[PDB]
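Novice: Model the structure of this input:
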Amino acid sequence: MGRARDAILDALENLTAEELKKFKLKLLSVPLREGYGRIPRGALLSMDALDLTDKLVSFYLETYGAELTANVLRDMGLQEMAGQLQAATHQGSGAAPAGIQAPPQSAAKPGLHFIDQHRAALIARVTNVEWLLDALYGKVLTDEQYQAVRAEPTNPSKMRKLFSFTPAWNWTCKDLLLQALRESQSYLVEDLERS
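Specialist: Numbers count the residues shown, from 1 in each chain. And now the structure:
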């Protein structure tokens, strides 16, 4: 019993003997969320579709086990068995044929105002808004990016975007701004650090 338990068994039993081996290495190659524990490939080669099926349920839980799998088969190009596996664990009626497509690549941030509360806080306390922007000029941001930020309409908007360039800030980048803030006033370094 267990539609999800049957879901895993069905997908693995459908892969070819050699294609099945790929699913094993795919688990050791796909990055995991926290870290749980990667099952050694040999342990999987020793177990069979049934024995390993019961194990994905014991170690990776029943649902989280099939969910993680639907993503692997999706990488193998078996979108048909993958869409079927997720459905086996939850048919979910009302599902339209095709048109929803994948959500936008832009991670929709929560509509809860809070992360911006520290931007306006320091911008209003820094006063010299240009002092920090001019500091990162030619340093971390390129000449075209720094200008795109200065082309903003509002003045505080120039800083808000600069902070959104997080994917461009490295460990040294963050220290670059935190350091310039101490040179002008150590108080903000502590007030902003003690979030």
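
Novice: Which parts of this structure are helices?
Specialist: Ranges of helices within the chain are 3-14, 17-29, 41-46, 49-59, 62-76, 79-89, 117-126, 129-135, 143-150, 155-164, 171-184, 186-193, based on DSSP state H.

Novice: now the longest one and helix 17-29, what's the angle there?
Specialist: Yep, that's helix 62-76 we're talking about. Angle, helix 62-76 to helix 17-29, by axes from the mean of the first three to the mean of the last three CA atoms, to 10 degrees: 110 degrees.

Novice: from the chain's centre, how far out does stretch 56-66 sit?
Specialist: 21 Å (CA atoms, centre = their mean, to the nearest Å).

Novice: Can you show me the CA trace of it as CSV?
Specialist: Once non-C-alpha atoms are left out, stretch 56-66 reads as follows in CSV (Å, rounded to 0.1, in the frame of the first residue of the first chain):
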residue,chain,number,x,y,z
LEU,A,56,14.3,5.9,0.3
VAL,A,57,11.1,5.8,2.5
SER,A,58,13.1,5.1,5.7
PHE,A,59,16.0,7.5,5.2
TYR,A,60,14.5,10.2,2.9
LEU,A,61,10.9,9.7,4.3
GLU,A,62,8.0,8.7,2.1
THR,A,63,7.0,12.0,0.5
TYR,A,64,10.3,13.9,0.6
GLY,A,65,11.8,10.8,-1.0
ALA,A,66,9.5,10.9,-4.1
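
Novice: Going by neighbour count, which residues of that stretch are buried?
Specialist: Applying a neighbour-count criterion of 16 or more other CB atoms under 10 Å, one finds 56, 57, 60, 62, 64, 65, 66 buried in stretch 56-66. Using the backbone N, CA and C atoms, a C-beta is placed for each residue, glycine as well.

Novice: show me what contacts the third one?
Specialist: Shown in contact with residue 60 (CB atoms under 8 Å, 6 or more residues apart in numbering): 36, 68.

Novice: Pick the one among the buried residues of stretch 56-66 closest to residue 11.
Specialist: The nearest member of those to residue 11, counting by CB to CB, is residue 66 at 8.2 Å.

Novice: Centroid-nearest residue for this structure?
Specialist: In the chain, the centroid-proximal residue (CA atoms, centre = their mean) is residue 107; its distance is 8.7 Å.

Novice: Can you pull the phi/psi pair for that one?
Specialist: phi -60, psi 110 (degrees, to the nearest 10).

Novice: Give me the distance between it and residue 86.
Specialist: 21 Å (CB to CB, to the nearest Å).

Novice: got it, and residue 35?
Specialist: 24 Å.
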